[PDB]
Amino acid sequence: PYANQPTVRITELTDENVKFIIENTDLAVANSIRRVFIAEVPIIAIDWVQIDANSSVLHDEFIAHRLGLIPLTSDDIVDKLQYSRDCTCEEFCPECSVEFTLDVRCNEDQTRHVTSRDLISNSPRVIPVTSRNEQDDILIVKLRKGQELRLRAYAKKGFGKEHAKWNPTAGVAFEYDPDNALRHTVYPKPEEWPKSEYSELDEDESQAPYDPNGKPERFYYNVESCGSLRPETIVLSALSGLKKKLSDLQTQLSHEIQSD
Amino acid sequence: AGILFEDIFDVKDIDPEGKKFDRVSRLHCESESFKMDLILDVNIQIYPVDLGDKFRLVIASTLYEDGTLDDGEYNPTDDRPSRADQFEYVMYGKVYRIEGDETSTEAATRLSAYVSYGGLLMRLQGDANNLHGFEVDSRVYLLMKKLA
Amino acid sequence: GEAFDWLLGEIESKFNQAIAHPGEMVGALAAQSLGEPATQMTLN
Amino acid sequence: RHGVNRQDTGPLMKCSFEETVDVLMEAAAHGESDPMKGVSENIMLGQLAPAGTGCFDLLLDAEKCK
Amino acid sequence: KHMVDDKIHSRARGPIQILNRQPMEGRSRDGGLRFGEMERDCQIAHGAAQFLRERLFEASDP
Amino acid sequence: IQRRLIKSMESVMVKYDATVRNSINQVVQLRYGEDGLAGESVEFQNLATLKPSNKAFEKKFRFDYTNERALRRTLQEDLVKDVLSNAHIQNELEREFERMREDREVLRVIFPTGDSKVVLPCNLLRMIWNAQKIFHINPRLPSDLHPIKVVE
Amino acid sequence: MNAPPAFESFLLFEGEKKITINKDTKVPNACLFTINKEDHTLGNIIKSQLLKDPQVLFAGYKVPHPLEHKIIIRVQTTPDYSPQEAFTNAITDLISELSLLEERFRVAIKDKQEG
Amino acid sequence: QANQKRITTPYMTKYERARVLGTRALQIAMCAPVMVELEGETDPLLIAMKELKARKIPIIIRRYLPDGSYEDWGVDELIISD
Amino acid sequence: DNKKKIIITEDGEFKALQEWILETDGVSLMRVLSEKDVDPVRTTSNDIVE
Amino acid sequence: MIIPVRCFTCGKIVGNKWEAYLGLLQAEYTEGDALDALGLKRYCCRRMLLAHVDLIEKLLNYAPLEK
Amino acid sequence: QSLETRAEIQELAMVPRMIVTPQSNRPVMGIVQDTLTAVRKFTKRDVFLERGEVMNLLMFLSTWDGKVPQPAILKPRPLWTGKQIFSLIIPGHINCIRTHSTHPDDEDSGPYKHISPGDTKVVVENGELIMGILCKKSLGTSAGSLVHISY
RNA sequence: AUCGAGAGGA
Ligand SMILES: [Zn+2]
Ligand SMILES: [Zn+2]
């Protein structure tokens with residue numbers, strides 16, 4: 001009637017992704033962790049734009065949408081910043097937002113690539129990922145001689161439930177039972193299917209013998225980071241966020257039980 | 001006791017018409033103590049059954065060792081002594097037909113009780129003496145155990 | 001006897017329920033019932 | 001029109017179907033009177049068609065309001 | 001090209017045509033939807049005489 | 001075609017005397033569908049006495065009140081004694097079979113092709129099945145229904 | 001024109017309760033927990049943790065409409081137990097599991113970066 | 001027409017039920033007295049259906065015959081099916 | 001069986017006799033009916049006006 | 001008109017790869033090898049780079065509204 | 001726009017009152033694409049549901065008495081069948097006989113008429129799907145189907 | 001705004 005005692009085994013850790021395995025947990029816990037990776041791990045992203053001048057060939061909403069999708073390093077700052085809902089300030093303040101400025105003008109004859117390097121921030125900790133000290137800079141717009149783009153953005157705290165720009169992942173590979181032992185899939189021709197990278201089967205064997213007493217355990221994860229957070233920071237923040245969702249739910253539950 | 005029928009059967013054929021369903025298999029079996037034919041649908045995925053196997057089949061009206069009716073509701077938190085403890089494969093179904101060789105004037109010498117365990121069908125046919133416990137629209141249990 | 005009496009009552013009630021209601025526009029209803037299938041049957 | 005507008009259905013029902021002008025002109029020349037029995041005639045005049053819920057009248061029951 | 005926002009339309013006592021005082025035609029005119037002959041026939045088959053009178057008398061041009 | 005049909009039949013209606021009439025008040029049908037029944041409640045059924053042979057019809061519909069042991073298998077003891085002893089009941093059952101045979105000839109002239117599929121209000125076999133399951137009728141035991149009660 | 005703001009899936013409206021408990025009258029010792037502004041993420045884990053309790057006879061959840069942003073979790077327990085107590089223990093167990101998982105993931109990361 | 005012998009059906013037609021319920025619901029909405037008791041109903045349609053189930057709608061249905069005569073049936077005199 | 005000759009045998013069963021039938025490309029129902037060895041009872045036409 | 005920022009499917013950043021992709025293509029890489037060099041392993045991101053039409057280069061052939 | 005017209009529509013033209021059409025004395029609406037392919041797959045003989053799956057499905061029954069039915073298989077592991085859950089979906093105590101579209105025509109003659117090898121020959125008794133694979137013939141718009149008999 | 005025409009949707 002009590003909690004699982006999950007174990008963890010990290011099989012790869014780079015700056016780009018983290019590949020790990022959780023054992024002795026329920027499939028619902030594993031999938032809620034997977035969902036929180038995508039939808040409830042907050043990060044910083046541009047969510048307010050003011051175009052002072054845009055002579056480029058892309059209209060204002062195009063530039064704004066494009067700026068919103070630039071990942072901003074959010075590692076230690078996202079926990080400190082507040083949601084503008086919770087901030088007791090006006091529209092903005094340094095406690096709930098980060099100011100960016102962009103001011104580019106193509107005077108020279110070659111096309112000027114307005115890239116994420118031109119997004120200048122007031123906060124040194126929250127900068128475009130590509131601008132962080134290889135991979136090139138994200139391209140915001142190409143400008144022709146005489147074209148000019150001057151804008152002022154504000155980045156906010158949010159998560160992927162509100163908009164995919166606050167999603168920190170560039171793909172969450174999730175898998176379990178690589179050999180189809182639980183038979184949660186039913187291959188019409190099991191020989192036709194390639195083997196999982198996590199499979200432990202000799203090549204003559206297509207799928208594992210059916211396990212009637214089996215349950216999903218040993219979930220394999222590959223959490224790729226878009227750049228804002230480190231992959232391990234994505235996983236840790238996901239676990240913390242899920243735990244705070246449950247804690248808030250329990251607080252409200254206690255108020256409802258005692259009020260009855 | 002609550003047992004409508006008990007005998008030892010021997011699997012004489014499996015899927016004469018061919019495999020119709022993947023996880024379900026039809027066994028055509030015959031006993032020795034009563035000379036009763038049996039067609040039975042079993043989930044071979046969880047309880048595989050091979051040709052020539054020999055098992056004890058017990059059609060019961062209840063699982064409780066003492067005479068006590070069942071409510072037809074699922075109660076996993078039940079600590080009473082259940083006779084399902086003494087068997088490996090247990091199903092729960094209802095009798096939906098009782099045929100016989102009766103005439104307009106003569107009673108039936110042979111009966112044929114049909115049971116459905118949530119769609120897995122069984123036909124137990126043989127002497128009418130061994131099938132007086134069966135009544136249509138009545139809930140029963142399978143209670144089947146393999147023996148060597 | 002109980003089953004037969006219940007059966008008689010059931011037949012009577014369902015028959016009285018099958019009787020056409022005064023005010024049914026059976027002509028418009030029949031025109032629709034004959035024109036709707038006409039939209040599916042083949043021209044050639 | 002050769003079978004439906006040749007019966008005694010009333011000029012307003014007939015004008016709804018076909019030959020609106022010819023029908024109404026014939027009725028004028030012959031002084032025909034539409035008794036407003038069909039559904040088309042009542043629908044045109046915005047009156048309750050004698051159809052379905054309109055095939056009867058409701059009266060208040062003074063002896064039962066007590 | 002067929003986006004729902006260019007198709008959604010509603011009316012409740014909007015403008016009316018000059019000749020016959022009935023709702024206008026079209027989204028652009030804030031018009032009403034046509035309760036046509038086939039709708040009249042359907043509601044006659046239903047036997048809904050008050051709804052038929054509401055649609056063809058009271059919701060169009062009393 | 002649809003518009004033409006509608007304008008031709010639009011005002012035909014079932015009146016409170018149960019006749020179907022047009023706007024002119026002329027009578028189109030004395031009863032709707034020749035049977036005064038609505039088309040939603042009727043459903044497909046089978047006439048059981050249309051197709052069978054004379055021998056099969058006799059064997060399936062003639063109540064046999066001479067076979068004592070067959071009645072003993074079908075009916076309870078008091079019902080068997082009343083059916084075998086009483087002659088008023090036997091004449092009632094005999095006239096029941098004669099009436100069914102007359103009905104058979106009427107069906108044979110109504111359906112000159114042997115098609116027993118008919119559309120009728122109440123699905124009597126389904127109602128009988130409903131009664132069997134509602135009252136837990138045991139098909140193997142003798143019944144307590146008097147055949148005279150069935151006829152009456 | 002009709003697009004709800006994206007925050008309405010996560011944010012509670014003023015005067016709207018996060019969770020509401022309603023006694024289920026069909027069977028005894030059953031309750032319906034209507035949780036607002038949550039989705040399958042918490043519903044699935046709460047249900048599956050409740051299924052681990054042998055004193056829980058029923059544990060299910062549903063999102064009645066995807067366009068709406070609430071879940072309903074039905075919990076039935078044995079008579080000596082309570083669905084509110086079962087729900088509380090399920091949340092406590094999930095919290096403890098996630099705390100342990102977080103600490104062990106921190107340890108695994110430390111081992112991986114170090115050696 | 002002899003009220004002692006009314007030839008029309010003793011059942012309320014679906015159209016009679018529809019119009020009687022609508023009429024009585026409008027009457028209730030216009031502050032007419034209610035004939036049945038009320039727990040918490042405030043919708044006139046629900047009150048009218050409760051009155052019909054209770055057989056306490058003070059309305060008479062005047063069914064016209066093709067010949068021109070009519071038959072008056074109290075809503076309590078008819079058989080309510082649905 | 002819709003065009004076969006459905007009779008009732010002496011035993012009381014419906015029997016479908018397989019018999020020759022003619023289908024014409026024009027209609028003279030008035031004349032064809034009054035011909036020897038032509039059935040004036042079942043012979044019909046699809047021209048409702050005739 | 002311009003290379004998207006993220007992959008529509010996963011959300012991987014592809015905005016910084018268009019210029020590198022073109023530079024690899026003029027370096028006599030095949031499109032597949034070029035996509036492998038940029039680290040686009042999921043066929044969604046390979047779709048993003050491989051099916052992109054740089055229309056902005058044609059929109060920059062028109063003089064702007066202001067000099 | 002009036003209580004009278006509202007009552008008219010509520011008592012005459014509401015969709016449940018419109019399930020059976022007078023045109024052909026059969027249902028006009030039936031079970032349709034995904035629900036029909038899925039109910040065919042669901043009522044196959046080898047569909048076994050686990051306890052959590054069964055509770056998930058029972059969450060979506062509006063007309064559920066809150067009693068979990070006794071599983072068709074108790075050992076070695078409790079498993080409910082798709083027919084056992086559709087029996088909960090089926091209302092009242094209706095009785096119905098149909099035949100799945102793949103029902104062989106020479107099966108009703110030989111043995112196994114009442115124990116079908118192919119799980120054809122739909123039989124619903126007392127509102128329980130005793131046997132058979134449901135399909136268009138059982139849940140579609142034809143005459144004598146489960147939806148018609150339910151209405 | 002009207003009218004007409006055209007292009008489309010189901
Ligand atoms: Zn602030
Ligand atoms: Zn991608």
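Protein chains get the first letters and strands the later ones, always in sequence-line order, with residue 1 at the start of each. Only this structure's heavy atoms are used, side chains among them; waters, hydrogens and symmetry mates stay out.
- E/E25 places its CD atom 13 Å from the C1' atom of L/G4, with the value rounded to the nearest Å.
- Rounded to whole angstrom, the span from the CG atom of E/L19 across to the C1' atom of L/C3 amounts to 13 Å.
- Nucleotide L/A10 holds its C1' atom 14 Å from the CG atom of E/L33, rounded to whole Å.
- Atom CD in E/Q17 sits about 13 Å away from atom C1' in L/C3, given to the nearest Å.
- Going from atom CE of E/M24 over to atom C1' of L/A1 covers 9 Å, rounded to whole Å.
- A salt bridge does not link E/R55 with E/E39: none of the charged nitrogens is closer than 4.0 Å to a carboxylate oxygen.
- The separation between E/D5 atom CG and L/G9 atom P is 20 Å, rounded to whole Å.
- With no hydrogens or angles considered, a side-chain donor-acceptor pair links K/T120 and K/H103 at under 3.5 Å.
- Phosphate proximity of L/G9 to E/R27: absent, as no side-chain N or O sits under 4.0 Å from OP1 or OP2.
- Going from atom CZ of E/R34 over to atom P of L/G9 covers 23 Å, rounded to whole Å.
- Rounded to an integer number of Å, the gap from NE2 of E/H9 to P of L/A10 is 20 Å.
- Enclosure of atom NZ in A/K142 by more than 12 non-hydrogen atoms of other residues, nucleotides or ligands within 6.0 angstrom is indicated.
- Remark: the K/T5 side chain and the K/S2 side chain contain an N/O donor-acceptor pair separated by less than 3.5 Å.
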